[PDB]
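J.: structure here, sequence nowhere to be found:
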RNA sequence: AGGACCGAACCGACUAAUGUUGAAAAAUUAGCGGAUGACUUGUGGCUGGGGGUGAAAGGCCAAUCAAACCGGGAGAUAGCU
RNA sequence: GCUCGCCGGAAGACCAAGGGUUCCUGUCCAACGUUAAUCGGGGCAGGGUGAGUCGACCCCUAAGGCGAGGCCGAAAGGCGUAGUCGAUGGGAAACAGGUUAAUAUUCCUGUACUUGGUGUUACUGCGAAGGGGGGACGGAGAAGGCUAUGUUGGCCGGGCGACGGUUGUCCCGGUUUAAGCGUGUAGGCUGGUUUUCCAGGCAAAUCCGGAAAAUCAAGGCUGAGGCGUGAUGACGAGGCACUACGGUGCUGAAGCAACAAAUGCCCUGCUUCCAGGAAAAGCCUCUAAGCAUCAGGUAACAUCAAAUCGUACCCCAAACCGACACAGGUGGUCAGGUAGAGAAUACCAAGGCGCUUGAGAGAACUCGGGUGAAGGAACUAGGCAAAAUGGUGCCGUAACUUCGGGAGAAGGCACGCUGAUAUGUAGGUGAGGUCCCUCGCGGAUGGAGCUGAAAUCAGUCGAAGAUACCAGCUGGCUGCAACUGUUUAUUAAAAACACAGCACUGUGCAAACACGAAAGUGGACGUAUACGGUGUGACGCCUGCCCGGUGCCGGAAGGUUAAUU
RNA sequence: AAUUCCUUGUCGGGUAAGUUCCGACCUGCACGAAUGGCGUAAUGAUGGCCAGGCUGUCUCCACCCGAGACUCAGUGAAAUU
RNA sequence: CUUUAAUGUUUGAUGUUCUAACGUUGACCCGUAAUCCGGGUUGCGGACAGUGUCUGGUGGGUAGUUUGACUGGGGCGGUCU
Ligand SMILES: [Mg+2]
Ligand SMILES: [Mg+2]
Ligand SMILES: [Mg+2]
Ligand SMILES: [Mg+2]
Ligand SMILES: [Mg+2]
Ligand SMILES: [Mg+2]
Ligand SMILES: [Mg+2]
Ligand SMILES: [Mg+2]
Ligand SMILES: [Mg+2]
Ligand SMILES: [Mg+2]
Ligand SMILES: [Mg+2]
Ligand SMILES: [Mg+2]
Ligand SMILES: [Mg+2]
Ligand SMILES: [Mg+2]
Ligand SMILES: [Mg+2]
Ligand SMILES: [Mg+2]
Ligand SMILES: [Mg+2]
Ligand SMILES: [Mg+2]
Ligand SMILES: [Mg+2]
Ligand SMILES: [Mg+2]
Ligand SMILES: [Mg+2]
Ligand SMILES: [Mg+2]
Ligand SMILES: [Mg+2]
Ligand SMILES: [Mg+2]
Ligand SMILES: [Mg+2]
Ligand SMILES: [Mg+2]
Ligand SMILES: [Mg+2]
Ligand SMILES: [Mg+2]
Ligand SMILES: [Mg+2]
Ligand SMILES: [Mg+2]
Ligand SMILES: [Mg+2]
Ligand SMILES: [Mg+2]
Ligand SMILES: [Mg+2]
Ligand SMILES: [Mg+2]
Ligand SMILES: [Mg+2]
Ligand SMILES: [Mg+2]
Ligand SMILES: [Mg+2]
Ligand SMILES: [Mg+2]
Ligand SMILES: [Mg+2]
Ligand SMILES: [Mg+2]
Ligand SMILES: [Mg+2]
Ligand SMILES: [Mg+2]
Ligand SMILES: [Mg+2]
Ligand SMILES: [Mg+2]
Ligand SMILES: [Mg+2]
Ligand SMILES: [Mg+2]
Ligand SMILES: [Mg+2]
Ligand SMILES: [Mg+2]
Ligand SMILES: [Mg+2]
Ligand SMILES: [Mg+2]
Ligand SMILES: [Mg+2]
Ligand SMILES: [Mg+2]
Ligand SMILES: [Mg+2]
Ligand SMILES: [Mg+2]
Ligand SMILES: [Mg+2]
Ligand SMILES: [Mg+2]
Ligand SMILES: [Mg+2]
Ligand SMILES: [Mg+2]
Ligand SMILES: [Mg+2]
Ligand SMILES: [Mg+2]
Ligand SMILES: [Mg+2]
Ligand SMILES: [Mg+2]
Ligand SMILES: [Mg+2]
Ligand SMILES: [Mg+2]
Ligand SMILES: [Mg+2]
Ligand SMILES: [Mg+2]
Ligand SMILES: [Mg+2]
Ligand SMILES: [Mg+2]
Ligand SMILES: [Mg+2]
Ligand SMILES: [Mg+2]
Ligand SMILES: [Mg+2]
Ligand SMILES: [Mg+2]
Ligand SMILES: [Mg+2]
Ligand SMILES: [Mg+2]
Ligand SMILES: [Mg+2]
Ligand SMILES: [Mg+2]
Ligand SMILES: [Mg+2]
Ligand SMILES: [Mg+2]
Ligand SMILES: [Mg+2]
Ligand SMILES: [Mg+2]
Ligand SMILES: [Mg+2]
Ligand SMILES: [Mg+2]
Ligand SMILES: [Mg+2]
Ligand SMILES: [Mg+2]
Ligand SMILES: [Mg+2]
Ligand SMILES: [Mg+2]
Ligand SMILES: [Mg+2]
Ligand SMILES: [Mg+2]
Ligand SMILES: [Mg+2]
Ligand SMILES: [Mg+2]
Ligand SMILES: [Mg+2]
Ligand SMILES: [Mg+2]
Ligand SMILES: [Mg+2]
Ligand SMILES: [Mg+2]
Ligand SMILES: [Mg+2]
Ligand SMILES: [Mg+2]
Ligand SMILES: [Mg+2]
Ligand SMILES: [Mg+2]
Ligand SMILES: [Mg+2]
Ligand SMILES: [Mg+2]
Ligand SMILES: [Mg+2]
Ligand SMILES: [Mg+2]
Ligand SMILES: [Mg+2]
Ligand SMILES: [Mg+2]
Ligand SMILES: [Mg+2]
Ligand SMILES: [Mg+2]
Ligand SMILES: [Mg+2]
Ligand SMILES: [Mg+2]
Ligand SMILES: [Mg+2]
Ligand SMILES: [Mg+2]
Ligand SMILES: [Mg+2]
Ligand SMILES: [Mg+2]
Ligand SMILES: [Mg+2]
Ligand SMILES: [Mg+2]
Ligand SMILES: [Mg+2]
Ligand SMILES: [Mg+2]
Ligand SMILES: [Mg+2]
Ligand SMILES: [Mg+2]
Ligand SMILES: [Mg+2]
Ligand SMILES: [Mg+2]
Ligand SMILES: [Mg+2]
Ligand SMILES: [Mg+2]
Ligand SMILES: [Mg+2]
Ligand SMILES: [Mg+2]
Ligand SMILES: [Mg+2]
Ligand SMILES: [Mg+2]
Ligand SMILES: [Mg+2]
Ligand SMILES: [Mg+2]
Ligand SMILES: [Mg+2]
Ligand SMILES: [Mg+2]
Ligand SMILES: [Mg+2]
Ligand SMILES: [Mg+2]
Ligand SMILES: [Mg+2]
Ligand SMILES: [Mg+2]
Ligand SMILES: [Mg+2]
Ligand SMILES: [Mg+2]
Ligand SMILES: [Mg+2]
Ligand SMILES: [Mg+2]
Ligand SMILES: [Mg+2]
Ligand SMILES: [Mg+2]
Ligand SMILES: [Mg+2]
Ligand SMILES: [Mg+2]
Ligand SMILES: [Mg+2]
Ligand SMILES: [Mg+2]
Ligand SMILES: [Mg+2]
Ligand SMILES: [Mg+2]
Ligand SMILES: [Mg+2]
Ligand SMILES: [Mg+2]
Ligand SMILES: [Mg+2]
Ligand SMILES: [Mg+2]
Ligand SMILES: [Mg+2]
Ligand SMILES: [Mg+2]
Ligand SMILES: [Mg+2]
Ligand SMILES: [Mg+2]
Ligand SMILES: [Mg+2]
Ligand SMILES: [Mg+2]
Ligand SMILES: [Mg+2]
Ligand SMILES: [Mg+2]
Ligand SMILES: [Mg+2]
Ligand SMILES: [Mg+2]
Ligand SMILES: [Mg+2]
Ligand SMILES: [Mg+2]
Ligand SMILES: [Mg+2]
Ligand SMILES: [Mg+2]
Ligand SMILES: [Mg+2]
Ligand SMILES: [Mg+2]
Ligand SMILES: [Mg+2]
Ligand SMILES: [Mg+2]
Ligand SMILES: [Mg+2]
Ligand SMILES: [Mg+2]
Ligand SMILES: [Mg+2]
Ligand SMILES: [Mg+2]
Ligand SMILES: [Mg+2]
Ligand SMILES: [Mg+2]
Ligand SMILES: [Mg+2]
Ligand SMILES: [Mg+2]
Ligand SMILES: [Mg+2]
Ligand SMILES: [Mg+2]
Ligand SMILES: [Mg+2]
Ligand SMILES: [Mg+2]
Ligand SMILES: [Mg+2]
Ligand SMILES: [Mg+2]
Ligand SMILES: [Mg+2]
Ligand SMILES: [Mg+2]
Ligand SMILES: [Mg+2]
Ligand SMILES: [Mg+2]
């Protein structure tokens, strides 16, 4: 049985990374919303 | 020529293929090749804009001379070659100054012939002339529409047009579709018909022989649901509708041409 | 030569039994089909919700589809329990 | 520690992705481990990852992404040129042995190779954001030459056997060695050299392309393997002494030939077929503006440099994806012996395991199997399940047919072991010896040794010789769909979808059509033998009557009819 | 007849016995010619029917070999109320 | 008053030629190292095509909705002042 989550670090950053959020107007509002809540880490960039 | 295949398998029973033993067997002339990747019928929005396109075999583009620019320098045909990008064959010519080019091969042209371009060219097949220098009533191919633009009519295998009249600054042409059109007399055309006339006498034979040419299966509208096609739906085989395209327009008899800035050059429709 | 034949890897899923608070939220066992092709597979890319893709089953779009998921209008409305 | 069992194309070994200290040592047993625990991938403390040559980084690009100006759009924004990123692809170089509790192509010993900077010396025309060559490319098939590897013999070391025999045609073990440097072989491709000229290669060119003579016919390119050296070295059974019994230090014999042989190498080869099979840089060559004693280029020697980051461990899994120490999933590489066509199957080697609750008993009943008197589908919706058939060689084989098929149709005969033909046959492979030789990785003759089917005749053992594993049940009539394929991931694989073939209709190119407020893009770098839509669905014989209704195509005497005025 | 209600129509074959099968008739409730008509070799994990071999499918069950169930020591659930 | 031929009458339309708005997904030059874009020269088309406002027809391509009650269950039939 093949499940839905098949990990890959390269495609994790290209999709949900920091520089991918900053590249669009709507992505920049994700970081603003998460800073307002007070999240310890913004993106998946670990 | 055109040869049947023995039925040693179910997929070979109905296969007919045309074979030309005069075609080159080696690799093409490298300095005249390019690259073209496949699109799948998808535009720059990523959506399918033309259906039933996809897959196939890899191909390379051959740069074919459709203008026949250089005049007064004779050429000689070296070899006839295969071309995956069109239904006609091509010929590699070497001019007397050392330049090589690709052109569409007309009928009856073989290795060792001589072709010519310009205004004082001879009237023999393969030569290209302005249509005011060609006698009325001759068969020509690779016909321009705007002077200096390049060949854009009668380009498939076995096709041609005929000059039926010359009335002023224009000439009247009878196209393969059967409709008569007026073009300027300063456009160029190549004498003769286009080779590979037996191209249409082949039978693909199997479902997978059309997949080698990048064609994907066609689903009939009647086999779909109402949400997919205007024809879909039913308990059994019901149609009860006027046939239409997947976007709701009449598909059987309705005319779709509408272009008012080019109608002055149409003499009569193809009927 | 072949969308040729038999048959392993590989890809499927026709029958029966077991299981059904399962070893497993779709499997195991014994048989079964294709197996040089319209084949199968690794990496990356593109198509975004009345929209996509579909050899067409209303199938699939993260165990969710006759209109995905998250947040908001919002304490929608409920002659009903 | 001695026995027993299991895997062995894996349940062994190694990489990638993914994980992140699970790695090694000392110590502890509360919690975790489906039981106990002195044990642990558990708790605590300490230790452990060494690179010019491996990978990344770096140079170059594919699909694609972003995009200065620009075009377009109420705003947000969309597309896109010059450019710039983007591997899954192209680009320089290291091998053997030894060592740690834990790393090693990284440390040590031996022997190597690459790309740059600087200096000296001897010669010389150098120069790009440009030109040319090269890099550079498909499927299938066949054969030859080899090697990795294995088997036997020779040699060397040890043995003479718990119960009849075993000094022999007996038993056990070993018989290993790299990169690099030199030679250029089986094979593959291609005629060579010199002059004169030129509408081409965005200008130039001595370079590529083209043309004309002369002259010689052998030149060049590429290429597995073998041999020599590397190597008087390393390794090596075993023996010798401690042992703090876990391991230490010393020496060390032989180290050859024959045959068989890859799916690996020559081979990016050769033959053939149509569906006609990436790009750019590194590399070689040519010049332009420029410099001319210079600066630059070539060669020899010397000397300097090669930074930074990863490196432990998990090896198809107890460490990754599945909530679990979960009978599931996970890309690539290696490939021993006997039997065998085989990577199937059976038993084994190297190596790794006995699956983290056990001890008894031997009721019904459930699960997985073995055998069964006489009958043989009487069972049941239905021969569902089970039983049966099953290999090779030869003989033989029906209706029908699109002449290929049907067909492995159906059916019959042989099959072990030993002896002889023949102290091992046909065939394969081929040493010393002889002769030539343009002497050498040669040619001719020759047969020693090694390997080795199949067949015939005679004998012989058993109830049975395709003895295990493995391994078609067959025939007759009929509906549907021509066939190979696709489909409801998770109750439907079918007569449903697709298909080759047929027909109608639209489309003259700024094509019709589709995605888009638009700009643009696909169709297509195509041009009526082409492209889109619709229906039918191989092939054979065919496809009849109706134009009132509803569509579509064309016509225009008349009625009525919008904004407007 | 993948189409036929009355219907298990009627006739012939096969069985001791045949609502299914095969060949016909024509009275086609309510076939019919590219939402194609009629045939058709080969092909099918396709629907129906009949034979040979083979059998625990059955008459009608019997014995045996293993894993649970049963007793002992350790750990230790669930639906429901 | 009608059936009429004709000069002169306010227009409505239908054609032909022109270049100067406008179109060019024809050719050449420049920005420029550029198949975008803009500027220049010229050929072709040309007041047509094309766009804006207003307006008659068509328009399940799309959207919002409606489709009664009684009833010896509901539907069919019948009824509703
Ligand atoms: Mg899942
Ligand atoms: Mg993530
Ligand atoms: Mg292509
Ligand atoms: Mg394209
Ligand atoms: Mg679309
Ligand atoms: Mg199409
Ligand atoms: Mg291509
Ligand atoms: Mg003119
Ligand atoms: Mg197709
Ligand atoms: Mg078709
Ligand atoms: Mg179709
Ligand atoms: Mg269709
Ligand atoms: Mg329908
Ligand atoms: Mg259907
Ligand atoms: Mg359907
Ligand atoms: Mg859609
Ligand atoms: Mg509809
Ligand atoms: Mg239907
Ligand atoms: Mg129907
Ligand atoms: Mg419609
Ligand atoms: Mg048009
Ligand atoms: Mg096949
Ligand atoms: Mg098979
Ligand atoms: Mg797999
Ligand atoms: Mg099923
Ligand atoms: Mg079964
Ligand atoms: Mg199975
Ligand atoms: Mg199989
Ligand atoms: Mg088959
Ligand atoms: Mg992927
Ligand atoms: Mg992918
Ligand atoms: Mg998308
Ligand atoms: Mg939308
Ligand atoms: Mg849909
Ligand atoms: Mg889902
Ligand atoms: Mg929706
Ligand atoms: Mg909705
Ligand atoms: Mg949809
Ligand atoms: Mg989710
Ligand atoms: Mg919501
Ligand atoms: Mg409100
Ligand atoms: Mg509420
Ligand atoms: Mg086994
Ligand atoms: Mg096996
Ligand atoms: Mg393993
Ligand atoms: Mg890894
Ligand atoms: Mg890692
Ligand atoms: Mg830890
Ligand atoms: Mg450990
Ligand atoms: Mg420990
Ligand atoms: Mg205790
Ligand atoms: Mg415990
Ligand atoms: Mg202990
Ligand atoms: Mg520990
Ligand atoms: Mg440390
Ligand atoms: Mg190194
Ligand atoms: Mg380093
Ligand atoms: Mg380094
Ligand atoms: Mg390297
Ligand atoms: Mg790009
Ligand atoms: Mg901008
Ligand atoms: Mg926009
Ligand atoms: Mg962009
Ligand atoms: Mg780059
Ligand atoms: Mg790479
Ligand atoms: Mg690479
Ligand atoms: Mg390549
Ligand atoms: Mg590389
Ligand atoms: Mg280790
Ligand atoms: Mg190291
Ligand atoms: Mg190590
Ligand atoms: Mg090393
Ligand atoms: Mg120097
Ligand atoms: Mg170049
Ligand atoms: Mg080839
Ligand atoms: Mg190949
Ligand atoms: Mg060898
Ligand atoms: Mg060797
Ligand atoms: Mg060996
Ligand atoms: Mg062997
Ligand atoms: Mg050996
Ligand atoms: Mg041997
Ligand atoms: Mg001895
Ligand atoms: Mg001895
Ligand atoms: Mg003895
Ligand atoms: Mg004795
Ligand atoms: Mg090396
Ligand atoms: Mg040779
Ligand atoms: Mg030359
Ligand atoms: Mg031998
Ligand atoms: Mg490493
Ligand atoms: Mg390691
Ligand atoms: Mg690993
Ligand atoms: Mg494995
Ligand atoms: Mg596994
Ligand atoms: Mg557990
Ligand atoms: Mg366990
Ligand atoms: Mg596991
Ligand atoms: Mg093996
Ligand atoms: Mg083996
Ligand atoms: Mg073997
Ligand atoms: Mg054998
Ligand atoms: Mg066998
Ligand atoms: Mg063998
Ligand atoms: Mg075993
Ligand atoms: Mg062992
Ligand atoms: Mg029992
Ligand atoms: Mg019996
Ligand atoms: Mg009996
Ligand atoms: Mg019998
Ligand atoms: Mg019965
Ligand atoms: Mg009965
Ligand atoms: Mg059965
Ligand atoms: Mg059986
Ligand atoms: Mg039995
Ligand atoms: Mg018969
Ligand atoms: Mg036979
Ligand atoms: Mg038969
Ligand atoms: Mg005998
Ligand atoms: Mg014998
Ligand atoms: Mg011989
Ligand atoms: Mg005999
Ligand atoms: Mg005999
Ligand atoms: Mg006997
Ligand atoms: Mg067998
Ligand atoms: Mg067999
Ligand atoms: Mg028979
Ligand atoms: Mg019949
Ligand atoms: Mg029937
Ligand atoms: Mg079928
Ligand atoms: Mg099939
Ligand atoms: Mg499937
Ligand atoms: Mg299903
Ligand atoms: Mg099936
Ligand atoms: Mg279907
Ligand atoms: Mg077709
Ligand atoms: Mg739009
Ligand atoms: Mg817009
Ligand atoms: Mg285009
Ligand atoms: Mg194009
Ligand atoms: Mg149909
Ligand atoms: Mg047909
Ligand atoms: Mg008709
Ligand atoms: Mg009509
Ligand atoms: Mg009419
Ligand atoms: Mg009429
Ligand atoms: Mg008619
Ligand atoms: Mg009309
Ligand atoms: Mg009878
Ligand atoms: Mg029956
Ligand atoms: Mg009849
Ligand atoms: Mg019908
Ligand atoms: Mg009818
Ligand atoms: Mg019809
Ligand atoms: Mg049909
Ligand atoms: Mg037909
Ligand atoms: Mg029929
Ligand atoms: Mg038919
Ligand atoms: Mg059949
Ligand atoms: Mg059948
Ligand atoms: Mg059947
Ligand atoms: Mg059935
Ligand atoms: Mg029977
Ligand atoms: Mg019974
Ligand atoms: Mg027992
Ligand atoms: Mg028992
Ligand atoms: Mg119990
Ligand atoms: Mg008790
Ligand atoms: Mg107990
Ligand atoms: Mg409870
Ligand atoms: Mg005009
Ligand atoms: Mg004019
Ligand atoms: Mg203009
Ligand atoms: Mg112009
Ligand atoms: Mg103009
Ligand atoms: Mg311009
Ligand atoms: Mg004009
Ligand atoms: Mg115009
Ligand atoms: Mg207008
Ligand atoms: Mg509708
Ligand atoms: Mg409507
Ligand atoms: Mg409609
Ligand atoms: Mg509606
Ligand atoms: Mg509403
Ligand atoms: Mg009511
Ligand atoms: Mg009642």
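T.: Received it, and whenever you're ready, just let me know what you need. Residues are numbered from 1 along each chain as shown, chains lettered A, B, ... in the order given. Ligands and ions are numbered 1, 2, ... in the order given.
J.: CA only for contacts and neighbour counts going forward, please
T.: OK.
J.: identify the residues contacting residue B:102.
T.: Residue B:102 makes contact with B:62, B:63, B:64, B:65, B:90, B:91, B:92, B:93, according to Cα atoms under 8 Å, 6 or more residues apart in numbering or on different chains.
J.: what helix or strand is it on?
T.: strand B:100-104 (DSSP states H and E).
J.: tell me the first helix or strand C-terminal of that strand.
T.: Next helix or strand after strand B:100-104 toward the C-terminus (DSSP H and E): strand B:114-115.
J.: give the pairing partners of that following strand; include direction for each.
T.: Strand pairing for strand B:114-115, using DSSP bridges, gives strand B:75-81 (antiparallel).
J.: neighbouring strands for the very next helix or strand once past the partner strand, and are they parallel or not?
T.: Sequence-wise, the next helix or strand downstream of strand B:75-81 (DSSP H and E) is strand B:90-95. Next to strand B:90-95 in the sheet, as set by DSSP bridges, lie strand B:75-81 (antiparallel), strand B:100-104 (antiparallel).
J.: want to throw the ones you listed into JSON lines with distance to residue B:23?
T.: As requested, these are exported to JSON lines (distance: least, Cα to Cα, whole Å):
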{"stretch": "strand B:75-81", "distance to residue B:23": "5"}
{"stretch": "strand B:100-104", "distance to residue B:23": "14"}
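J.: what would those strands look like in JSON lines with distance to RNA strand F?
T.: JSON lines is the format used below for those (distance: least, Cα to the nearest atom of the strand, whole Å):
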{"stretch": "strand B:75-81", "distance to RNA strand F": "22"}
{"stretch": "strand B:100-104", "distance to RNA strand F": "17"}
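J.: most centrally placed residue in chain B?
T.: Closest to where the C-alpha atoms of chain B average out (Cα atoms, centre = their mean) is residue B:156, at 3.2 Å.
J.: was I right about that one contacting residue B:90?
T.: No. The criterion here is Cα atoms under 8 Å, and residue B:156 misses it with residue B:90 at 11.5 Å.
J.: you'd agree residue B:132 is up against residue B:183?
T.: No. Look at residue B:132 against residue B:183 with Cα under 8 Å: they stay out of range, at 11.3 Å.
J.: those two: which is more packed in?
T.: residue B:183 (20 against 17; other Cα atoms under 10 Å in any protein chain shown).
J.: the more buried one: what secondary structure?
T.: With DSSP: H, G, I helix; E, B strand; the rest coil as the basis, residue B:183 sits in strand.
J.: list the residues that contact it.
T.: B:145, B:170, B:171, B:172, B:173, B:265.
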